[PDB]
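When reading the values below, keep in mind they use all heavy atoms of this one structure, side chains included, and skip hydrogens, waters and symmetry mates. A, B, ... follow the sequence lines: proteins, then strands. Residue 1 opens every chain.
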Amino acid sequence: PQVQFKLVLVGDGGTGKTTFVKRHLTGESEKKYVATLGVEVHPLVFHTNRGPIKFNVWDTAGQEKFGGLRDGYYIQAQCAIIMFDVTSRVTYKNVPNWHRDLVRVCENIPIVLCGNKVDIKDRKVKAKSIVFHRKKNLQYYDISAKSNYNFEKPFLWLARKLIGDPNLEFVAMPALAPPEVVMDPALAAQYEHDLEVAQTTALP
Amino acid sequence: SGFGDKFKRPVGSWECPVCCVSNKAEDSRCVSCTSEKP
Ligand SMILES: Nc1nc2c(ncn2[C@@H]2O[C@H](COP(=O)(O)OP(=O)(O)O)[C@@H](O)[C@H]2O)c(=O)[nH]1
Ligand SMILES: [Mg+2]
Ligand SMILES: [Zn+2]
């Protein structure tokens, strides 16, 4: 038997959930289609200092555009990612809804909040605005699916919570699709400096 | 120590061949996607 976790990947349509999970090349080529739910399960293997961990990532077929997701999608989820678009303020305002929809079925499973598309210059949702994770004591990460920026951070955090081992490390990065856009290393350092500053600012 | 050294599926459980969710022995269908216990 293998150590695998069902990871539900939720968020508004157009936030980049499918682009994100597709970065993991073997998860993409070995994804499984669930006809009854219209879902694709990407087996995302990660290799830790204590062995392989497989995140079976559930990705929608775009049904989130027309309403909430059915129970079956959430059932037995052991962890989750809530994604939003840093270029669409409205997607950030729906994070609480997705959070509620998720906890209504799965209770206090580990959750990571991800703001996608940080490779874009015209960033609308800045670090100072992102506060929901602090209210619910969740972990947040900037990411850019199309540049593989911080791709492994959410999965590393989840694995540590799920295993109960804060010293857990990925010994090697999974084979990822080549970056389709460049992520200015400085812009990444500036965004990372904006998060730590925002982390040391009071909640309004 | 490795997880696999101390990891074991609950007695009677079965992984769903369609969506990989782990189900109880008594369940004839998958509690997530409704597929049948193969
Ligand atoms: N610049 C940039 N564009 C992205 C990124 N991720 C997705 N896009 C685009 O956002 C649109 C929606 O992508 P998709 O993965 O289908 O979002 P989903 O509805 O949540 O599955 C598409 O046009 C993507 O090409 C990113 O990380 N950076
Ligand atoms: Mg999609
Ligand atoms: Zn199933």
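- Checking side-chain atoms of A:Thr91 against main-chain N and O of A:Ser88 turns up a donor-acceptor pair under 3.5 Å.
- Judged as a side-chain hydrogen bond (donor to acceptor under 3.5 Å, both in side chains), and not counting sequence neighbours, the contacts of B:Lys24 are B:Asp27.
- In A:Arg70, the CZ atom is not crowded: 12 or fewer heavy atoms of neighbouring residues, nucleotides or ligands sit closer than 6.0 Å.
- Closest of all the heavy-atom pairs between B:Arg9 and B:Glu15 is NH1-N, 4.3 Å.
- Screening residues 156-184 of chain A for side chain to side chain donor-acceptor pair (under 3.5 Å), with sequence neighbours left out, gives A:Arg23-A:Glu180, A:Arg50-A:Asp165, A:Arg160-A:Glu169.
- A distance of 4.0 Å separates CD1 in A:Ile163 from CD1 in A:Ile53, rounded to the nearest 0.5 Å.
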Could you please spell out the steps behind the side-chain contact (heavy atoms from CB on, under 4.5 Å) verdict for A:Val8 and A:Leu102? CA-CA 9 Å; A:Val8 293; A:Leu102 175 65; 3.7 Å; yes

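- Inter-residue side-chain proximity for A:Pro52 and A:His47 is flagged as met; some heavy-atom pair is nearer than 4.5 Å.
- Every side-chain hydrogen bond (donor to acceptor under 3.5 Å, both in side chains) that A:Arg104 has, sequence neighbours left out, goes to A:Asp71.
- Contact record, A:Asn116 with A:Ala145: OD1-N, 3.0 Å, taken as the closest heavy-atom pair.
- Residues forming a ring-ring contact (aromatic ring centres under 6.0 Å, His included) with A:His24 (at least two apart in sequence, or on another chain): A:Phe46.
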Go through A:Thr15 and A:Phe20 one step at a time and tell me if the side-chain contact (heavy atoms from CB on, under 4.5 Å) criterion holds. CA-CA 9 Å; A:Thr15 52; A:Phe20 181 72; over 6 Å; no

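- Applying the salt bridge (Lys or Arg N to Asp or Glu O under 4.0 Å) test to pairs two or more places apart or on separate chains, none has a residue in residues 91-102 of chain A.
- Taking the side-chain contact (heavy atoms from CB on, under 4.5 Å) definition, one finds that A:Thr60 meets it with A:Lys17, A:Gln63, A:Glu64, A:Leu69, A:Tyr73, sequence neighbours left out.
- Note that NZ of A:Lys54 is 11.5 Å distant from OG1 of A:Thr26, once rounded to the nearest 0.5 Å.
- The CG atom of A:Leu113 sits 13.5 Å away from the CH2 atom of A:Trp98 when rounded to the nearest 0.5 Å.
- Scored by the salt bridge (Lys or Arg N to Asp or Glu O under 4.0 Å) test, A:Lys22 finds A:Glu28 as partners (sequence neighbours excluded).
- The side-chain contact (heavy atoms from CB on, under 4.5 Å) test with A:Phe55 is passed by exactly one of A:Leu9, A:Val21, A:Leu158: A:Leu158.
- B:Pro17 and B:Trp14 get closest at one heavy-atom pair: CD-CZ3, 4.4 Å.
- Listed here is the closest heavy atom pair of A:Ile130 and A:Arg123: CD1-NH2, 3.7 Å.
- Using cut-offs of 30° and 60° on the angle between ring planes, the pair A:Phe84 and A:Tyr92 is perpendicular.
- Closest heavy-atom contact between A:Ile120 and A:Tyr191: O-OH, 3.8 Å.
- A:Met173 and A:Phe170 end up in the same hydrophobic cluster when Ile, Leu, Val, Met, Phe, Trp and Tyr side chains are linked at under 4.5 Å.
- Judged as a side-chain hydrogen bond (donor to acceptor under 3.5 Å, both in side chains), and not counting sequence neighbours, A:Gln190 has no contacts.
- In terms of the side-chain contact (heavy atoms from CB on, under 4.5 Å) criterion, residue partners of A:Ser129 (sequence neighbours excluded) are, by chain and number, A:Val125.
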Dump the intermediate steps for side-chain contact (heavy atoms from CB on, under 4.5 Å) on A:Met83 and A:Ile143, then the final yes or no. CA-CA 10 Å; A:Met83 188 159 300; A:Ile143 61 172; 3.4 Å; yes

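- Rounding to the nearest 0.5 Å gives a distance of 8.0 Å between CG of A:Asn150 and OH of A:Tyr141.
- Residues A:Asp122 and A:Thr87 are not in side-chain contact: their nearest non-hydrogen atoms beyond the backbone lie 4.5 Å or more apart.
- Using a 4.5 Å cut-off between side-chain heavy atoms of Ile, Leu, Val, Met, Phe, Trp and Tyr, with links allowed through other members, A:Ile81 and A:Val45 fall into different hydrophobic clusters.
- Smallest separation of non-hydrogen atoms from A:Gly51 and B:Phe3: O-CE1, 3.8 Å.
- Here the CD1-CG distance, from A:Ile111 to A:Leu138, works out to 5.5 Å after rounding to the nearest 0.5 Å.
- Judged as a side-chain hydrogen bond (donor to acceptor under 3.5 Å, both in side chains), and not counting sequence neighbours, A:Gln76 has no contacts.
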Without placing hydrogens or testing angles, list every side-chain donor-acceptor pair under 3.5 Å for residues 194-204 of chain A, not counting sequence neighbours.
residue  : atom : partner  : partner atom : Å
A:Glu196 : OE2  : A:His193 : ND1          : 2.9
A:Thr200 : OG1  : A:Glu196 : O            : 3.3
A:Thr200 : OG1  : A:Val197 : O            : 2.9
A:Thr201 : OG1  : A:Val197 : O            : 2.8

Could you check A:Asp119 against A:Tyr149 for side-chain contact (heavy atoms from CB on, under 4.5 Å), going step by step and ending with a plain yes or no? CA-CA 9 Å; A:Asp119 58 289; A:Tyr149 175 68; over 6 Å; no

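- Heavy-atom contacts from other residues, nucleotides or ligands closer than 6.0 Å to CD of A:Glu107 number 12 or fewer.
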Ignoring hydrogens and angles, write down the donor-acceptor pairs under 3.5 Å from the side chains of residues 30-37 of chain B, residues two or more places apart or on other chains.
residue : atom : partner : partner atom : Å
B:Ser32 : OG   : A:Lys6  : NZ           : 3.1
B:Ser32 : OG   : A:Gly72 : O            : 2.7
B:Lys37 : NZ   : B:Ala25 : O            : 3.2

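- To the nearest 0.5 Å, atoms SG (B:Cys20) and NZ (A:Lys32) are separated by 3.5 Å.
- A 6.0 Å sphere centred on CG of A:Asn108 holds no more than 12 heavy atoms belonging to other residues, nucleotides or ligands.
- Judged by distance alone, with hydrogens and angles left aside, the side-chain atoms of A:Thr19 form no donor-acceptor pair with the main-chain N or O of A:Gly16 at under 3.5 Å.
- Grouping the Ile, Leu, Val, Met, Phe, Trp and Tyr side chains by contacts below 4.5 angstrom, directly or via other members, places A:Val41 apart from A:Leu25.
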